[PDB]
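Trainee: Submitted below is the structure of interest, expressed as structure tokens.
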2 protein chains.
Amino acid sequence: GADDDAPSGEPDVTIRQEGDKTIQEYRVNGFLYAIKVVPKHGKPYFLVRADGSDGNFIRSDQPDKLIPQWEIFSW
Amino acid sequence: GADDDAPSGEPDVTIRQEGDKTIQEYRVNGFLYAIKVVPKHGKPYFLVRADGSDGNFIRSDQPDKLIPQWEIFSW
């Protein structure tokens, strides 16, 4: 009601919409750690930032697949 | 690489073994954003920190399910 103060480390999601895909930028402190895409023509999935700026992502629909640095922008 | 110069953020994974479970702490900037725990009894999976530091995670096992604290600390 009032004391819902957010402490140090606030993982808030930046919810934007590009055409017909809701791109949810999960940022805990400025830095993106996961992107939940909700494409109306591709189905919603979590794109998790693997450790290291290698350019690899992991999808919540298929953690068995490693997303290369060209497929990361499939949306 | 040879030399490194990481920008404000620096996401890396601290891989420990807590008993019979290899718990990989994916920390970006002073906040755990994902845990990859490899339990000998339960099989490995990804546990992603959902928006809001309430205490809910999303698993790679099933992103269609919200994981509460009795379930996040199921190991």
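Note on naming: chains are A, B, ... as they come in the structure tokens, residues start from 1 per chain, ligands start from 1 in the order shown.
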Set out as JSON lines a contact list for region 8-34 of chain A and region 3-23 of chain B with a cut-off of 12 Å, giving each residue of region 8-34 of chain A that qualifies its closest atom pair and distance in Å to one decimal, counting only C-alpha atoms, ordered by chain and rising residue number.
Mentor:
```
{"residue": "A:27", "atom": "CA", "partner": "B:9", "partner_atom": "CA", "distance": 10.5}
{"residue": "A:28", "atom": "CA", "partner": "B:9", "partner_atom": "CA", "distance": 10.0}
{"residue": "A:29", "atom": "CA", "partner": "B:9", "partner_atom": "CA", "distance": 8.3}
{"residue": "A:30", "atom": "CA", "partner": "B:9", "partner_atom": "CA", "distance": 8.1}
{"residue": "A:31", "atom": "CA", "partner": "B:9", "partner_atom": "CA", "distance": 6.0}
{"residue": "A:32", "atom": "CA", "partner": "B:9", "partner_atom": "CA", "distance": 8.8}
{"residue": "A:33", "atom": "CA", "partner": "B:11", "partner_atom": "CA", "distance": 8.2}
{"residue": "A:34", "atom": "CA", "partner": "B:11", "partner_atom": "CA", "distance": 11.6}
```
Trainee: Please, could you write that set of residues out with C-alpha atoms as a compact mmCIF listing (two decimals), in the first residue's frame?
Mentor:
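Okay, this is what ended up in result04.txt:
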```
# COMPACT_ATOMS: atom_id res chain seq x y z
CA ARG A 27 16.94 -5.59 -17.09
CA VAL A 28 17.91 -5.85 -13.43
CA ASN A 29 20.05 -2.73 -13.32
CA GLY A 30 20.35 -1.30 -16.79
CA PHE A 31 21.82 -4.48 -18.23
CA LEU A 32 19.73 -6.89 -20.30
CA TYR A 33 19.80 -10.45 -18.94
CA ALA A 34 16.78 -11.89 -20.78
```
Trainee: I need the residues of chain B that end up classed as strand (DSSP E) by DSSP on the backbone, written out as a PDB file with N, CA and C atoms, in the first residue's frame.
Mentor:
```pdb
ATOM      1  N   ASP B  12      28.746 -13.230 -15.762  1.00  0.00           N
ATOM      2  CA  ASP B  12      29.492 -14.480 -15.769  1.00  0.00           C
ATOM      3  C   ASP B  12      28.832 -15.469 -14.821  1.00  0.00           C
ATOM      4  N   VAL B  13      29.227 -16.726 -14.907  1.00  0.00           N
ATOM      5  CA  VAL B  13      28.595 -17.762 -14.118  1.00  0.00           C
ATOM      6  C   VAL B  13      29.562 -18.359 -13.100  1.00  0.00           C
ATOM      7  N   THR B  14      29.166 -18.317 -11.846  1.00  0.00           N
ATOM      8  CA  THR B  14      29.927 -18.944 -10.786  1.00  0.00           C
ATOM      9  C   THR B  14      29.457 -20.381 -10.614  1.00  0.00           C
ATOM     10  N   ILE B  15      30.268 -21.322 -11.065  1.00  0.00           N
ATOM     11  CA  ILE B  15      29.885 -22.722 -11.038  1.00  0.00           C
ATOM     12  C   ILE B  15      30.393 -23.402  -9.775  1.00  0.00           C
ATOM     13  N   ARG B  16      29.481 -23.704  -8.866  1.00  0.00           N
ATOM     14  CA  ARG B  16      29.834 -24.410  -7.646  1.00  0.00           C
ATOM     15  C   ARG B  16      29.154 -25.764  -7.599  1.00  0.00           C
ATOM     16  N   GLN B  17      29.487 -26.539  -6.586  1.00  0.00           N
ATOM     17  CA  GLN B  17      28.847 -27.818  -6.361  1.00  0.00           C
ATOM     18  C   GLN B  17      28.388 -27.917  -4.919  1.00  0.00           C
ATOM     19  N   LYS B  21      24.726 -31.421  -6.418  1.00  0.00           N
ATOM     20  CA  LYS B  21      24.139 -30.562  -7.427  1.00  0.00           C
ATOM     21  C   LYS B  21      25.094 -29.441  -7.803  1.00  0.00           C
ATOM     22  N   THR B  22      25.478 -29.424  -9.068  1.00  0.00           N
ATOM     23  CA  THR B  22      26.337 -28.381  -9.596  1.00  0.00           C
ATOM     24  C   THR B  22      25.503 -27.141  -9.892  1.00  0.00           C
ATOM     25  N   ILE B  23      25.569 -26.166  -9.002  1.00  0.00           N
ATOM     26  CA  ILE B  23      24.740 -24.980  -9.115  1.00  0.00           C
ATOM     27  C   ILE B  23      25.529 -23.839  -9.742  1.00  0.00           C
ATOM     28  N   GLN B  24      25.117 -23.456 -10.939  1.00  0.00           N
ATOM     29  CA  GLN B  24      25.780 -22.402 -11.678  1.00  0.00           C
ATOM     30  C   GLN B  24      25.065 -21.075 -11.472  1.00  0.00           C
ATOM     31  N   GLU B  25      25.720 -20.177 -10.753  1.00  0.00           N
ATOM     32  CA  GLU B  25      25.164 -18.865 -10.468  1.00  0.00           C
ATOM     33  C   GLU B  25      25.435 -17.902 -11.612  1.00  0.00           C
ATOM     34  N   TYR B  26      24.425 -17.641 -12.420  1.00  0.00           N
ATOM     35  CA  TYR B  26      24.543 -16.643 -13.466  1.00  0.00           C
ATOM     36  C   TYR B  26      24.277 -15.264 -12.886  1.00  0.00           C
ATOM     37  N   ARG B  27      25.346 -14.559 -12.562  1.00  0.00           N
ATOM     38  CA  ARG B  27      25.231 -13.226 -12.003  1.00  0.00           C
ATOM     39  C   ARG B  27      25.717 -12.205 -13.010  1.00  0.00           C
ATOM     40  N   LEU B  32      21.744 -12.220  -9.063  1.00  0.00           N
ATOM     41  CA  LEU B  32      21.533 -13.520  -9.678  1.00  0.00           C
ATOM     42  C   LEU B  32      20.336 -13.439 -10.625  1.00  0.00           C
ATOM     43  N   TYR B  33      20.566 -13.648 -11.915  1.00  0.00           N
ATOM     44  CA  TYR B  33      19.476 -13.560 -12.880  1.00  0.00           C
ATOM     45  C   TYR B  33      19.033 -14.944 -13.354  1.00  0.00           C
ATOM     46  N   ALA B  34      19.900 -15.936 -13.196  1.00  0.00           N
ATOM     47  CA  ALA B  34      19.567 -17.300 -13.585  1.00  0.00           C
ATOM     48  C   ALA B  34      20.425 -18.309 -12.838  1.00  0.00           C
ATOM     49  N   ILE B  35      19.831 -19.434 -12.491  1.00  0.00           N
ATOM     50  CA  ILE B  35      20.559 -20.522 -11.861  1.00  0.00           C
ATOM     51  C   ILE B  35      20.455 -21.780 -12.707  1.00  0.00           C
ATOM     52  N   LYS B  36      21.586 -22.298 -13.150  1.00  0.00           N
ATOM     53  CA  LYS B  36      21.601 -23.594 -13.798  1.00  0.00           C
ATOM     54  C   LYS B  36      22.129 -24.623 -12.820  1.00  0.00           C
ATOM     55  N   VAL B  37      21.226 -25.329 -12.182  1.00  0.00           N
ATOM     56  CA  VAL B  37      21.613 -26.333 -11.220  1.00  0.00           C
ATOM     57  C   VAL B  37      21.544 -27.713 -11.847  1.00  0.00           C
ATOM     58  N   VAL B  38      22.631 -28.452 -11.713  1.00  0.00           N
ATOM     59  CA  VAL B  38      22.713 -29.804 -12.225  1.00  0.00           C
ATOM     60  C   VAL B  38      22.684 -30.792 -11.068  1.00  0.00           C
ATOM     61  N   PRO B  39      21.485 -31.192 -10.631  1.00  0.00           N
ATOM     62  CA  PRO B  39      21.336 -32.154  -9.559  1.00  0.00           C
ATOM     63  C   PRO B  39      21.444 -33.587 -10.062  1.00  0.00           C
ATOM     64  N   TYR B  45      18.551 -28.086 -15.117  1.00  0.00           N
ATOM     65  CA  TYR B  45      17.557 -27.212 -15.723  1.00  0.00           C
ATOM     66  C   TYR B  45      17.945 -25.756 -15.482  1.00  0.00           C
ATOM     67  N   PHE B  46      17.295 -24.840 -16.186  1.00  0.00           N
ATOM     68  CA  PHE B  46      17.532 -23.416 -15.992  1.00  0.00           C
ATOM     69  C   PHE B  46      16.443 -22.806 -15.126  1.00  0.00           C
ATOM     70  N   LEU B  47      16.856 -22.006 -14.159  1.00  0.00           N
ATOM     71  CA  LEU B  47      15.932 -21.299 -13.290  1.00  0.00           C
ATOM     72  C   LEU B  47      16.140 -19.793 -13.452  1.00  0.00           C
ATOM     73  N   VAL B  48      15.246 -19.141 -14.186  1.00  0.00           N
ATOM     74  CA  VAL B  48      15.414 -17.731 -14.530  1.00  0.00           C
ATOM     75  C   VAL B  48      14.641 -16.822 -13.577  1.00  0.00           C
ATOM     76  N   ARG B  49      15.298 -15.753 -13.134  1.00  0.00           N
ATOM     77  CA  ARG B  49      14.686 -14.772 -12.243  1.00  0.00           C
ATOM     78  C   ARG B  49      13.657 -13.946 -13.011  1.00  0.00           C
ATOM     79  N   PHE B  57      10.425 -17.743 -10.020  1.00  0.00           N
ATOM     80  CA  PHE B  57      11.353 -18.075 -11.088  1.00  0.00           C
ATOM     81  C   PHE B  57      10.641 -18.818 -12.212  1.00  0.00           C
ATOM     82  N   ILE B  58      11.244 -18.808 -13.388  1.00  0.00           N
ATOM     83  CA  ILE B  58      10.724 -19.552 -14.523  1.00  0.00           C
ATOM     84  C   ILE B  58      11.740 -20.608 -14.947  1.00  0.00           C
ATOM     85  N   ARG B  59      11.289 -21.846 -15.103  1.00  0.00           N
ATOM     86  CA  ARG B  59      12.197 -22.939 -15.432  1.00  0.00           C
ATOM     87  C   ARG B  59      12.228 -23.196 -16.928  1.00  0.00           C
ATOM     88  N   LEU B  66       4.824 -20.850 -13.253  1.00  0.00           N
ATOM     89  CA  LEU B  66       5.539 -19.948 -12.370  1.00  0.00           C
ATOM     90  C   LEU B  66       6.032 -20.733 -11.165  1.00  0.00           C
ATOM     91  N   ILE B  67       7.292 -20.558 -10.822  1.00  0.00           N
ATOM     92  CA  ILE B  67       7.911 -21.370  -9.789  1.00  0.00           C
ATOM     93  C   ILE B  67       8.105 -20.576  -8.500  1.00  0.00           C
TER      94      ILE B  67
END
```
Trainee: For a test of reading the model, state the distance in Å between CA of residue 44 (chain B) and CA of residue 60 (chain B), rounded to one decimal.
Mentor: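 Distance reported for this atom pair: 9.6 Å.
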Trainee: One number please: CA of residue 42 (chain A) to CA of residue 73 (chain A), in Å, one decimal.
Mentor: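 Taking CA of residue 42 (chain A) as the start and CA of residue 73 (chain A) as the end point, the length is 13.1 Å.
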Trainee: Neighbouring residues of residue 68 (chain A) were defined as those with any atom within 7 Å, considering only C-alpha atoms; residues of the same chain fewer than 4 positions away were excluded. Please report them as a list in words.
Mentor: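 Contacts, in chain order: residues 55, 56 and 72 of chain A.
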Trainee: When DSSP is applied to the backbone of this structure, which of chain B are assigned helix (DSSP H, G or I)? Write them out as a ChimeraX atom specification.
Mentor: /B:69-72
Trainee: With N, CA and C atoms retained, could you export that selection as a short mmCIF file (atom, residue, chain, number, x, y, z; two decimals), in the first residue's frame?
Mentor:
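The new file part39.cif reads:
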```cif
data_model
loop_
_atom_site.label_atom_id
_atom_site.label_comp_id
_atom_site.auth_asym_id
_atom_site.auth_seq_id
_atom_site.Cartn_x
_atom_site.Cartn_y
_atom_site.Cartn_z
N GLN B 69 8.81 -20.25 -4.14
CA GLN B 69 10.03 -20.43 -3.37
C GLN B 69 10.20 -21.85 -2.84
N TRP B 70 9.10 -22.53 -2.51
CA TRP B 70 9.20 -23.92 -2.07
C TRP B 70 9.60 -24.81 -3.24
N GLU B 71 9.46 -24.28 -4.45
CA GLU B 71 9.80 -25.01 -5.66
C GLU B 71 11.16 -24.57 -6.20
N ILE B 72 11.54 -23.31 -5.98
CA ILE B 72 12.84 -22.83 -6.42
C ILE B 72 13.94 -23.42 -5.54
#
```
Trainee: Please indicate the distance in Å from CA of residue 63 (chain B) to CA of residue 43 (chain A), rounded to one decimal place.
Mentor: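 Between CA of residue 63 (chain B) and CA of residue 43 (chain A) the gap works out to 12.3 Å.
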